[PDB]
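Same protein, same chain, two forms; see structure 1 and structure 2 below, as structure tokens.
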Structure 1
């Protein structure tokens, strides 16, 4: 019951307290700020943080002006205000900046990735039939503020998986139609998706003069130099444009592959290393830290040698019942519960469409038996599946399958369910990497038809009853037969609203946009969903879409003075909060706004397997919360919940979030996110391509 986090108390108290400060001559546009700051560090050479409009240099600087060209060739000028004495930090952001700069200046992170290779280089490269593979250690630092006000170094170690195959080589010597695949420049931090390719032979003399002069990195600068000088290399060179329109050569660019999109054999070898015993990882994290402490004390940095501790566990209403009234009183077996449990049936007859994908012809038995023993079970709970029809697709690659699956899925109209038995296709072109289950999952969600996709591996590895249960629990939910409801969720909330929005973009403007909102009652039954798309609204999108959710609430007529909680899977911005405040009033509901950041949070290292509810409390009403228990295979990552505004204590809102977890209806498989916003991001994103307008609502969790 002791849980440590990779978070270390840290402060800066040097003997020399004398910075040189610089002020812009023309108020800097916001998204230009981090590029200026960084540019100041290079030039000056000294560590640097942004305080407001002004720039603080950990050294004396006798140049009264600083001219800094950005990539556009745009010159920002800064006048020199004068020396000021650093009494202390105003926020993590300044602290983070200066600290990183100090790592850079001292080269520790560097000396570290070096030593680590010298040591484990061999164990880090891995084979498998045709391709070869590297897993390169990544050290990351962020700075956070605890509840008590201490600054906290967030220190992690990861491994990014990458081949030995520079883009140039792939587009030149190999391919056809690449793109979409995300990338990382040698010698540059940033990693991101591709969004434009053209040959270099297009561009004149100027263009590489200009990239050379500007590129803020040695690798980028050396590379544009090559293509300046070496006369015919521009014909041969192809040029990529990333997510943040950064534009680089090809020889500089390498792909970053996920676990998933590797081979069967690759992944299991790689896996030992990418995912690793918590204690081991934490031993490394401590190792790296000691390097840091030794490189930085002398400059006045003070870093606690010791990890921070879970403040405790939170209890939530985890009690759950069926159409009879059977309880957590049985829940001392989750399995034993679902067998006996008797679901809330609102659709007596189900019509099902069966898709089987396999390599050969007379081997449906494992799938016939399952399907059988499951019609069975569902009938014993008042539900008949009428099979509207089967389709057996024979196919030899994932590619062949995908292809045939298309006209098949295409034609499926009017069903309550699609079941897909997929066989396993072991390999495939390392670029053409679809996931078959994904593909099938995508196509059907597009159609708004609930689906259950069953991997043939599962039938082969796993015990019939285990698999029977897992599936039955979801299949029921999916179809609107909620095999159990919650007794209660803490608080006196009257609605729980999940909010998700994605937007396509051109030049730098919101073009298409898809919104996805799901409203749950106080018990956390789902009341309705709304799947809506918007066309272009400049500054008005936010107001519009937010209001749309409010009116919809009135349309379900939640009475004035009703408490309404909002969850979003992502940073809500200021313009949005002010938006929720407006309609907060105009409709007259007490509102709790929660922002959930799910990626890259500090981990909990701990012996207890049953972590669910463990938490830690940062500044400004935010909470590292763990939602699922530790799997051995998995890499546990908790969620960060943040009370952006409202009358309730976050720990109560976190308790709520823990409850809604169970509404995902997935006992056997951990699910990070509460049912309000679970998969919401995939759905919005999925629909964005959906050439053409969309307005759907429903009352059935079709997306499980």
Structure 2
């Protein structure tokens, strides 16, 4: 059952172990810490890692002092402490830091990309109704620390999708308003949403000088160079403000596109290179890693050519039973379970509003048939669906659909569920990004209305019964009549609590923020949810927000001395952790608190189709965990789970997580997140965008 991850043990043991250490003349503002380290490595030319407040250069310096200039014009002075000897890294950060810099100095990554081009240049550029599209290979490296304490190189491969089109071009060619595009600057390893666009006619001369003077890359230097010399360009050229507070000229900014927001035709050519199956991927990873070894071993770097291995499989309680007690263990679906299944009917008249979007007027028959058989099925379950209104919307593009959905959805009030049939809408404007299914989902989630959006492509492709159940199972859950429950979960847990918090910014000060909290009993059924907006608190926000969660648990009569598990989609920072102990005492609860980091984790490469439950154990109580099986084409990315604190083993916390997976009530699609935090961040970001104070709650998975 062997499963391998793209992680490779790494250590650094050079012959010359002599570094030159540098210290700040006064404490450095923490988020300025990385910019400074980067800067040391440019001047020095010597790889550098940061050791608490000090800087370590892998060579011999003489320079008594060393002055570095940040983009502000701000100057940090480093003094030479003197040479120190190197024995080990204290943590992975040091190790990563130095490791990448070596990659830079040696230029391996650069070579591989070049090489990769010489050979696939042609297979990597593709054609489309109107546009051309480059798929550019991205090699990426982090350093992690395993359970036994070895460091591990995390190595991956991806294909960033891009047009052949400068951002300037698109802003003269159009006069367009795209404050919602992601972007990469040529020769800069950065990618981030376009914040603010102004023109270059509004800035002096000394300006583009300093701008040049402080550029930390060749291409940005050469960019501002242009505007510094050629005044012809100035009046024409545009200037773009970036996500994490950068400005670049518009000629070095090219868009970064996502698979999804590809117009249909394109998606298809793309698909093979972008979605490449495990084997190939792993082989390239292997292939790069070799170059890396070959090019770095001579400077003292020791890298196993061998992949770490899945430590094993966790069993978790996947047994599930209906209102009669009929039960079966969840692996994939049991389409059979769902047929003979008999739900916990809480509300037995349901009022649907129906919407259908479509090109022409009399072709509703597939939809009408599908609806007929749902209504039926649901009746044979104790539920009668009753239809309050239908709306047939004719439309010819996504936009026309959109414009027309807006008032229709607007008038909708007092209903258990809305069902929406969406016709297929072929392309759009490629800048005018927009998934139509989502839009609907979004507009209805804002209304707290549980909804079912059925793609008319799905009814043309999939079998009526297959579809029937997937829908039938969500709708049942959606609307309070839970179709089956978990028998139990590992541990003697009393509530599982999922927290989620989004915060709008202004001058580094947190202004609006929206918290979504979801509470579940021991057997794992929703007890109530909590949708709360907060006005501005600063420092004090984090405390209030948690505080509420506790004052809440208590109003639900969680008898003190009860046990409370807290999953979170984000990444808990220090103040939260302590904030949690505080309230853990005051309310007298024993708490397990987890951090779930879903994005960009190492991958399992394995022969087994059913990798749910696999894992690899990292240092400090954190685990890489498969939560779903490899359904092919799309990427299986495991979740990283991390016991911040608690009396229970992480393996036990992980199985709970796997149990709760099943409570998203989606036997067929493979929901990656567990039911406490699933879609939590979608809702949180979504209500933020909102335009007035919110404080709602309820007892029904309206969001599924």
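Shifts are known only where both forms have a C-alpha. Residue numbers count along the first chain shown, from 1. So that the term is clear: the rigid core is the largest set of C-alpha atoms that superpose within 1.5 Å between two forms.
- The comparison between structures 1 and 2, aligned on the rigid core, picks out a single residue among 607, 333, 463, 72 whose CA moves by 2 Å or more, and that residue is 333.
- With the core fitted, the CA of residue 232 sits 2.2 Å away from its counterpart between structures 1 and 2.
- Fitting the two forms on their rigid core shows CA movement of 2 Å or more between structures 1 and 2 over runs of at least three residues at 174 to 176, 329 to 333.
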